[PDB]
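Chains as they are written, first to last, in the numbering used here: chain U, 20 to 245; chain L, 29 to 240; chain H, 3 to 14. Beta carbons are placed, not taken as given, at the ideal position from N, Cα and C, and that holds for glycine.
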Ligand SMILES: [Cl-]
Ligand SMILES: [Cl-]
């Protein structure tokens with residue numbers, strides 16, 4: 020089976036360096052050109068570098084030339100990307116990708132992609148979230164549906180996970196993509212809709228886990244008097 | 029420097045229907061074009077290369093055509109596993125990608141249920157106030173949120189994100205947070221979220237009065 | 003050997 024397993028990703032401060040690795044298996048690595056390509060929500064997919072059959076046969080995008088170096092170690096079936104002089108804007112998902120490599124007379128297309136690894140370039144320090152209630156409205160429609168949730172605020176880095184009632188409550192739950200605040204910390208919300216008639220009786224607890232800071236919080240969300 | 033523009037930005041269809049996606053190059057790229065599929069959380073998958081050649085393991089329902097500046101990806105009859113984002117790529121002049129076309133499941137229009145949440149007493153103890161507007165289970169995806177505090181439009185102090193299309197009901201939801209200093213929050217009374225959407229004949233406004 | 007000439011890719 021063809022595989023391209025990446026590693027080396029993580030949080031790095033601006034101006035410092037990271038080296039990404041991609042270990043190939045299930046094909047003859049030596050016979051393929053290889054590429055690095057990154058992706059961000061706002062700028063989309065951006066090709067960065069290619070290395071061909073020979074180690075010295077390389078090309079780069081303007082955006083990374085002189086800072087990033089692509090290399091290969093055929094003896095260990097490994098592709099590398101040395102990333103120097105990192106900037107905030109280098110934050111992205113980084114993919115290693117195999118070139119079709121003249122199979123069927125074609126080249127410079129990406130015929131197999133690894134799962135990718137997230138690089139976060141930031142000066143922020145690791146920090147567990149504060150968890151605040153999004154309390155169900157005291158004017159919830161009688162015999163109708165009410166919304167409640169948790170605001171999981173000011174954590175770094177990603178990710179946090181959120182469940183409701185220890186996983187017992189899944190129907191009607193929406194956990195939103197995190198947003199990066201101007202502070203450099205992330206914030207996320209998770210909400211759920213439930214029968215208004217359940218508010219007086221049923222307990223609703225959002226379970227928040229932020230592994231990077233070893234933070235677990237259980238937050239009970241209930242109607243606010245007023 | 030050679031740019032690729034994809035259209036439409038979003039394509040809304042049902043299983044069984046034919047999908048037609050377009051890619052236009054700023055200048056000629058001959059037949060030097062490829063198409064990829066990508067689902068959330070997964071890596072891209074090559075579909076077509078050299079404009080019209082189908083890649084390994086790709087079902088016959090996918091095909092590509094075109095040359096020069098105009099190209100097309102066709103999916104003859106949609107399967108549920110086909111809803112995803114589709115990208116084009118050229119290798120005529122270096123390497124560039126299009127901005128992507130979202131292929132989403134069509135369903136009837138549904139106006140959002142709107143909810144507004146005041147900041148918690150707990151958060152206020154910290155010096156900051158977050159006010160949240162939830163737009164729940166709506167379709168189609170496009171929606172607009174406007175924040176007003178005592179009728180002053182707020183700009184630059186809010187952020188939002190949106191869920192992926194729901195597996196069951198094919199709707200989207202959106203969460204928008206307005207962030208203010210505690211001092212600013214305490215100086216005002218009326219907090220309002222105004223929502224615009226295709227399913228609403230006129231904009232809906234949810235609001236609350238601080239301390240009430 | 004992959005060659006890039008003014009953006010155009012070729013094998014030599
Ligand atoms: Cl170069
Ligand atoms: Cl997260």
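Beta carbon proximity, residue 6 (chain H) to chain U, threshold 9 Å: yes
contact_flag[the region 200 to 218 of chain U, the region 211 to 218 of chain L] where n(CB pairs < 8 Å) is 3 or more: no
Bridge partner(s) assigned by DSSP for residue 109 (chain U): According to DSSP, residue 109 (chain U) bridges with nothing at all.
Closest residue to residue 168 (chain U) among U:130, U:114, U:141, U:226 (Cα-Cα distance): U:226
Segment limits, alpha helix (DSSP H) that includes residue 70 (chain L): Where residue 70 (chain L) is concerned, there is no enclosing alpha helix (DSSP H), given that its DSSP letter is neither H nor E.
Where residue 13 (chain H) falls, given that 16 or more other Cβ within 10 Å makes a residue buried: exposed
Cβ of residue 122 (chain L) within 9 Å of any chain H Cβ: yes
Any non-hydrogen atom of ligand 2 within 8 Å of residue 204 (chain U) CB: no
The beta strand (DSSP E) enclosing residue 174 (chain L), as first and last residue numbers: 172 to 177
Cβ-Cβ distance between residue 69 (chain U) and residue 52 (chain U) below 9 Å: yes
Three-pair Cβ contact test at 8 Å for the region 25 to 45 of chain U versus the region 97 to 111 of chain U: yes
Any non-hydrogen atom of ligand 2 closer than 8 Å to residue 207 (chain U) Cβ: yes
Proximity test, Cβ basis, 9 Å: residue 135 (chain U) and chain H: no
Separation of residue 229 (chain L) from residue 243 (chain U), as counted between CA atoms: 32 Å
Buried or exposed by the 16-neighbour rule on C-beta atoms within 10 Å, applied to residue 55 (chain L): exposed
Neighbouring residues, chain H, relative to residue 76 (chain U) (Cβ below 8 Å): 3, 4
Residues passing the C-beta test against ligand 2 heavy atoms, cut-off 5 Å: U:177, U:178, U:179, U:197
Interface partners of residue 61 (chain U) on chain L, CB under 9 Å: Neighbours of residue 61 (chain U) on chain L: none; closest Cβ ~10 Å, over 9 Å.
Own chain partners of residue 236 (chain U) with C-beta closer than 6 Å, once the 5 adjacent residues on each side are dropped: 150, 227
Contacts that residue 219 (chain L) makes with chain U (C-beta to C-beta distance below 9 Å): In chain order: nothing, as chain U lies at least about 13 Å away.
Distance cut-off 8 Å: residue 78 (chain U) Cβ against heavy atoms of ligand 1: yes
Chain H contact for residue 30 (chain L) (CB, 9 Å cutoff): yes
Identified DSSP bridge partners for residue 66 (chain U): U:56
Helix, strand or coil at residue 35 (chain L) [DSSP, three-state]: strand
Presumed contact (8 Å Cβ cut-off) between residue 118 (chain L) and residue 61 (chain L), rounded CB distance: 5 Å
Any 3 or more C-beta pairs closer than 8 Å across the region 58 to 77 of chain L and the region 130 to 138 of chain U: yes
CB-CB length for residue 185 (chain L) against residue 217 (chain L), believed under 8 Å: Rounded, the Cβ-Cβ distance is 18 Å, inconsistent with contact.
CA nearest to the CA of residue 31 (chain L), picked from L:171, L:40, L:89, L:121: L:121
Any C-beta of chain U under 9 Å from that of residue 62 (chain L): yes
Distance between beta carbons of residue 139 (chain L) and residue 208 (chain L), contact taken as under 8 Å: Wrong, their Cβ atoms sit about 28 Å apart, outside the cutoff.
Through-space distance from residue 170 (chain L) to residue 142 (chain L), alpha-carbon basis: 15 Å
Chain H contact for residue 46 (chain U) (CB, 9 Å cutoff): no
Chain L contacts made by the region 145 to 179 of chain U, where a contact means CB separation under 8 Å: 149, 151, 152, 153, 154, 156, 164, 166, 168, 170, 172
Residue range of the alpha helix (DSSP H) that includes residue 151 (chain L): 149 to 152
Cross-chain neighbours of residue 119 (chain L) in chain H, by beta carbon under 8 Å: 11
Top-ranked residue by Cα proximity to residue 24 (chain U), from U:183, U:207, U:234, U:136: U:136
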